[PDB]
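Undergrad: For reference, the structure I am asking about is given below.
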Amino acid sequence: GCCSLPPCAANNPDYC
């Protein structure tokens, strides 16, 4: 998943 990746998690708060 993308939320497991820090740059993505901090990019998509609603998703992650």
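When the header is checked for method, it gives solution NMR.
Note: Cβ is positioned from N, Cα and C throughout, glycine not excepted.
In case it helps, Swiss-Prot gives these features for our protein:
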{"type": "DISULFID", "residues": "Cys2-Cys8", "note": "disulfide bond"}
{"type": "DISULFID", "residues": "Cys3-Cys16", "note": "disulfide bond"}
{"type": "MOD_RES", "residues": "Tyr15", "note": "sulfotyrosine"}
{"type": "MOD_RES", "residues": "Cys16", "note": "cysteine amide"}
Undergrad: Within 10 angstroms of the C-beta of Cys16 (disulfide bond), what count of other C-beta atoms is obtained when all protein chains are considered?
TA: 14
Undergrad: Using a Cβ cut-off under 8 Å and a sequence separation of 6 or more, which residues in the same chain sit near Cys8 (disulfide bond)?
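TA: Looking at Cβ-Cβ distances below 8 Å from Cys8 (disulfide bond), excluding near sequence neighbours, one finds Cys2, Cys16.
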